[PDB]
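Some notes on the structure that comes next.
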Ligand SMILES: *[C@@H]1O[C@H](CO)[C@@H](O[C@@H]2O[C@H](CO)[C@@H](O[C@@H]3O[C@H](CO[C@H]4O[C@H](CO)[C@@H](O)[C@H](O[C@H]5O[C@H](CO)[C@@H](O)[C@H](O)[C@@H]5O[C@H]5O[C@H](CO)[C@@H](O)[C@H](O)[C@@H]5O)[C@@H]4O)[C@@H](O)[C@H](O[C@H]4O[C@H](CO)[C@@H](O)[C@H](O)[C@@H]4O[C@H]4O[C@H](CO)[C@@H](O)[C@H](O)[C@@H]4O)[C@@H]3O)[C@H](O)[C@H]2NC(C)=O)[C@H](O)[C@H]1NC(C)=O
Ligand SMILES: Cc1nnn(Cc2cc(C(F)(F)F)ccc2CCC(=O)N(C)CCOc2ccc(S(N)(=O)=O)cc2)n1
Ligand SMILES: [Ca+2]
Ligand SMILES: [Ca+2]
Ligand SMILES: [K+]
Ligand code: NA
Ligand SMILES: [Zn+2]
């Protein structure tokens, strides 16, 4: 109930929300159906429109007008935005040459440069170039400020998850807004774009920027705008708030536009109808900037122009229907569209079985345009599993397609030509970032980056301490002139043991065999030196990774590779090796096919055994340092040490062997050598974080050998590929992966073919950031380079996406 009898006189767009039943005058009152009776009259004036004209200049103030052109308007803070242009001979901001903003030029009483976030829904990255001719204000922001060629959204590439990620620095699985539509089984409550349940605070986790600000003494504008408030009024409101007394005036503001998304759904991303929405947005930017210039704030305020996600061509005819795959389609609930999420229609149906649903949706039609996953099997880069609002069964939909339950769902709702939501590496989903102001750099292009990083930067811009988030603070320091955040590397928690030869061969009863009994002071000293670390400089190029948790592990050195061997998990945490451009691939010799050798530096008690693999009919093994890339026949024996062995399902060995035998040499050839760090990952609870020993759900049968959920590799070389990876003077180049350790290749519909036709495609799907691997392992890489730490942080957040431009 609302007592709409109260009044908005002197309260229009008040910043403090009043409580029911008292009536509201804030920028969301329309959305709650709670505005006072005179809100439209007082707060949504439209008379005479939004622009001064020559005949209005110096007029007698009429308080009815939407904006003013009277002499007093500048002191009142309520001129139309083009007042000084029309009435005082000034230029539009867009017509002024850009001039570097080396220091804030702020009026007296300003404690810090304000931040204005100008957010645009559905603004596809390529609009910045494709639309540049009709967007002059935006193009001036872009060219004169700091810009990225694109900014990567979060998955799913929907509006609410992305805007809340921008605001919090959190993945959707952590902030809780995992879709525009959601069911929470604990609450037994549904969230929708339309309706009142979304207003309940229990949905919204983490701490958004406006709360972070307020908690730390920095006043914020209200970020949200009811749809019926025209854009011109949103801009005038912001400019009026900026004219508040010092003690009342906010330091951070947002503008939101529902365009170009609204038209893009109707017309497709490049429909000829899209030019006009782009022009209108540019006009709005121009109003803001002219308005700021009038207030002498255009060289004081930091402006961020940012989007939530892009827009793809999608039409009704490109719809897959689950009714063409499932016998039982009435027994499921589907969240449909550009992603699918499936759960049981009834929790009382004991015949519901996810395994049967997954199998019925797997590789059934030759051109099938979606792929089913249990959520824990989704690419780790999506960070889309650790929330009870995310259904166990997920459908990843191909770009340009939809999934629906039945045909009647699609003609009882054609119309639309655009949509979004797909995998966040898809080029059409990419969006925009421009920063302009005293704190941003001048005429600077920065590489693409993820929207999860911006919360930290916005905090930097306002002098706030960020709440805990998924950004990597410092990785965006290169966007900033000042206010950089200078982190220190984390302290190493566990120091390594460096074992020597401590065990005789006969102390081992592992059930392993090897034909290695064939035998010199020249060369014996030389191999002892290899075991003491004499080649380590060649193979450990960026220092040893640091272990950031308490554990017991050994550094093991070899001619061709170095490893950090966990006594607790009975395998390496990491294995590091360098392959030059000139390296040769060789075979596993016949006489070594089933060779596994005890490691006399490591106790039988802290070793794997071959008998467990013999007895586990489902599980085989592979090697972290590949025997195919040994430097010599004698060095190859090291690759068959029990301390280099890891548990691998036969189906996965197909993938791993092809990576090791073919792809590593290919990358070394293409990149002028590579350094490879490979290892296991354990994430049985799919939280993106390293499992403890007591979280492990599967072991090699009858043993204490844990089974990894994933295998990673980090592949590093010189950005300047004219220098070899082992003699690189400058910036680095990286690509990495986190491959799911699955007992089948059902993910890959073409896996019956030669690995040349499917393995690399699998690997591209499971591309990762070094930072993702850090979270999953508790390791900290690149500790010893010649590079700036912030540069290394940028490198750790890089994602190799495999998309063209
Ligand atoms: C991305 O960045 C984020 C932010 O840094 C990372 O998320 C953090 O990860 C930590 C570990 O997973 C986690 O720490 C836990 O906090 C628990 C207290 O949590 C509440 O308070 C905080 C602070 O205000 C708040 O932020 C939390 O918010 C979550 O929950 C609400 C719902 O109430 C949601 O609205 C909100 O969206 C958010 O949900 C998300 O996180 C939760 C987990 O907290 C998930 O379950 C959701 O799916 C969703 O992803 C909370 O309101 C604290 O109780 C935990 O302590 C247990 O574990 C420690 C281990 O040190 C153990 O010693 C303790 O004994 C304790 O165990 C006991 O409880 C167990 C479970 O009931 C039980 O099994 C035991 O037997 C014990 O009784 C823990 O410290 C931190 O909360 C989140 N924060 C956020 C914002 O998500 C994220 O990891 C990063 N991602 C990556 C990939 O790097
Ligand atoms: C989602 C989301 N997450 N964070 N924001 C705010 C925001 C952030 C940012 C960021 F700076 F981060 F880029 C920019 C702009 C906004 C405002 C968006 C807005 O104005 N829209 C989308 C129309 C009304 O939307 C409502 C949504 C919920 C309620 S609620 N909570 O009352 O149910 C009301 C209105 N929106
Ligand atoms: Ca959107
Ligand atoms: Ca985990
Ligand atoms: K076996
Ligand atoms: Na297959
Ligand atoms: Zn949309």
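In the deposited numbering, the protein residues as written are 51 to 463, 468 to 573, 576 to 861. We treat Cβ as the ideally placed atom computed from N, Cα and C, and that holds for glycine.
Query, Result
"Nearest neighbour of residue 288, chosen from 718, 389, 329, 167 [CA to CA]", "167"
"Residues passing the C-beta test against ligand 4 heavy atoms, cut-off 5 Å", "739, 741, 743, 745, 747"
"Check: residue 363 C-beta below 7 Å from any heavy atom of ligand 7", "no"
"Quiz: which residues have CB nearer than 7 Å to ligand 2 non-hydrogen atoms", "78, 81, 167, 169, 209, 210, 213, 214, 216, 217, 227, 248, 249, 254, 258, 259, 273, 274, 275, 276, 277, 304, 306, 356"
"Beta-carbon separation (whole angstroms), residue 391 vs residue 444, contact threshold 8 Å", "6 Å"
"Any non-hydrogen atom of ligand 1 closer than 7 Å to residue 522 Cβ", "yes"
"Below 6 Å from a heavy atom of ligand 6 - residues by beta-carbon", "801, 802, 804, 805, 807"
"Inter-residue spacing [alpha-carbon to alpha-carbon] between residue 776 and residue 785", "9 Å"
"For residue 518 and residue 843, the rounded distance between their alpha carbons", "27 Å"
"Residue 58 classed as buried or exposed, judged by whether at least 16 other C-beta atoms fall within 10 angstroms", "buried"
"Nearest to residue 243 (by Cα), restricted to the options 227, 235, 237", "227"
"Identified DSSP bridge partners for residue 472", "363"
"Closer than 7 Å: residue 676 CB and nearest ligand 5 heavy atom", "yes"
"Those residues which DSSP pairs with residue 767 across a bridge", "736, 795"
"Endpoints, the alpha helix (DSSP H) within which residue 403 is located", "Per DSSP, residue 403 belongs to no alpha helix (DSSP H) and is neither H nor E."
"Rounded separation between residue 125 and residue 149 - CA only", "27 Å"
"Cβ contact check for the region 816 to 826 and the region 752 to 760: 3 or more pairs under 8 Å", "no"
"Same chain only: Cβ atoms within 8 Å of residue 332, ignoring 5 sequence neighbours per side", "184, 185, 186, 187, 188"
"Nearest neighbour of residue 298, chosen from 762, 65, 656, 266 [CA to CA]", "65"
"Per DSSP, the bridge partner or partners of residue 129", "118"
"Secondary structure of residue 343, DSSP reduced to three states", "helix"
"6 Å Cβ shell around residue 805 - same chain, five flanking residues per side excluded", "413"
"Stretch-stretch touch, CB-based, cutoff 8 Å, three pairs: the region 669 to 686 with the region 628 to 646", "yes"
"Which residues DSSP lists as bridging residue 200, in chain order", "Paired residue(s): none; residue 200 is not in a bridge."
"Contact test: residue 709 Cβ vs ligand 5 heavy atom, cutoff 7 Å", "no"
"Closer than 7 Å: residue 311 CB and nearest ligand 7 heavy atom", "yes"
"Residue 358 - DSSP class collapsed to helix/strand/coil", "coil"
"Cross-strand partners of residue 499 (DSSP beta bridge)", "197"
"Distance, residue 461 Cα to residue 375 Cα", "20 Å"
"Cross-strand partners of residue 421 (DSSP beta bridge)", "446"
"For residue 384, the three-state DSSP class (helix, strand or coil)", "strand"
"Beta-bridge partners of residue 240, as assigned by DSSP", "233"
"Within 8 Å, strictly: CB atoms of residue 604 and residue 547", "yes"
"Enclosing alpha helix (DSSP H) for residue 452 [first to last residue]", "No alpha helix (DSSP H) contains residue 452, which is instead part of the beta strand (DSSP E) from 452 to 454."
"Minimum C-alpha distance to residue 706 - residue among 661, 563, 662, 798", "798"
"Run of the beta strand (DSSP E) containing residue 21, from where it starts to where it stops", "Residue 21 lies beyond the stretch modelled for the chain, which goes from 51 to 861, so this question has no answer here."
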